[PDB]
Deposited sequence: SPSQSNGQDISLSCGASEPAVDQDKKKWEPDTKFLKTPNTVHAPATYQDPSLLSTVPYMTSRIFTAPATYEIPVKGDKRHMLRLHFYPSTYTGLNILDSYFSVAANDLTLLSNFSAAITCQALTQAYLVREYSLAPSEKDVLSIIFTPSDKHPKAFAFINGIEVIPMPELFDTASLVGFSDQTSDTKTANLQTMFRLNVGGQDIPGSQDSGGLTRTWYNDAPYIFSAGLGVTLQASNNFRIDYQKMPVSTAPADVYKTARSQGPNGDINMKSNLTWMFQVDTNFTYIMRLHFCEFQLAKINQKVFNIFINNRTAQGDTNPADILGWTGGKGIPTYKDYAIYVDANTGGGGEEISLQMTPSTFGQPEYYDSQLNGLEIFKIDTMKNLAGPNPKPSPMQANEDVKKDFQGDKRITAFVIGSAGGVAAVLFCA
């Protein structure tokens, strides 16, 4: 399962700043006579000019056909650098993107989205379920509600991946689960909690995911205390696929800290802006690398003010895991419908008389589940 990493509009292969090789999109583009254009401004915040400084421009629909193994899951990454191309006004760009019959983006403004997020460029990442097709069709359609609309695209990646999704616990419900193995997903957030950014070249599974530090998403007054294991500390994955997350995610964590009393007076809280009217999977990654005994660190987990792990079954990482240095994760599903936020909160539990009063999280991923063959949300509005 080799990657296909296309720099759209490029004239030759090139390597980016993180050792990833990109090839031009031309051989996979089925639509003739489309415009390729360089960006005429290079933002200093770009980590590389590859693939961002070259684009395709579409004023009518255009289709890519990329060979895939139809029994395999694939990550799809769309790369957008809103800039000036062949004299066009980037604010006029509104378009949809489909993967086969799945709508990914609709009425999408890369420029307004970048403005709202204070970003120079955007990556939109999806995990596409096995399709039973030998070809992935990626279709770009300029908005027919905007007379001046065009579509653009700077990079497209198709990355074969393992079946990393299985089951999620339904947050509103006592003991109910749902199946996610055949879901189509949008990656909303991917955090190395308590740890450094991890570039794609250091990701596990050859999946070149980027894992971001979590501090910008903390919204409680206290930031807790970060925990770090030695770089030589061994994560013993056992049955968990190493492609789930790289070891440096499990070797770092955010906890509440050494004063159990202050910990019980607070929730460690993260907050995320998402799109309303979707079910989301919250994948919480855990690894205890300090304590060695069950019922030492025992905590409640709340998602959108509902108990995800609590009451008489609070979280105990070593209770789940059986050992120091063994990683795990738990998926929780929440339907969101002011309907545009997910909150994650942790605080110690008093159930069972734990030796300490603390909580901990090592990593976090948030995924949107497709509804009605659509993943598209509105553009964020800048403030």
property	result
Unmodelled ranges, which are counted on the deposited sequence from position 1 and given in order	1-6, 344-348, 395-430
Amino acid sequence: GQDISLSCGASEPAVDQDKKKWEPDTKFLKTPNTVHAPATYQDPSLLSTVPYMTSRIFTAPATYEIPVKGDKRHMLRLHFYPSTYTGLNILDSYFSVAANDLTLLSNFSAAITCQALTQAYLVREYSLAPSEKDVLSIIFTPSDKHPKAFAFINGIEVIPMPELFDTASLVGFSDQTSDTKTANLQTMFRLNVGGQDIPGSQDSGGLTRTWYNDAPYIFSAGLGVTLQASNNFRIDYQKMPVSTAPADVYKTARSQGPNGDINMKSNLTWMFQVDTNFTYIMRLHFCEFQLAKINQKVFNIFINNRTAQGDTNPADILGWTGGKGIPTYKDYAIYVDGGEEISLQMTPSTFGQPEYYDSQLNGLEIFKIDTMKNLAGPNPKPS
From here on, numbers count along this sequence of modelled residues.
query	finding
Entry-level comparison of average CA B-factors, 361-369 and 6-14, reporting the higher stretch	6-14
342-350 versus 39-47 - which carries the larger mean C-alpha B factor in the record	342-350
Residue, from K239, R283, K293, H74, that the PDB entry assigns the highest Cα B-factor	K293
Residue of maximum C-alpha B factor among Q186, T252, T177, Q202, per deposited coordinates	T177
Modelled-residue ranking by C-alpha temperature factor, third containing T118	middle
Chain thirds of CA B-factor: placement of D331	lowest
Within-chain third of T226 by Cα B-factor, per the entry	highest
For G310, the third of its chain into which the C-alpha B factor falls	highest
Third of the chain's Cα B-factor distribution that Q273 belongs to, per the entry	middle
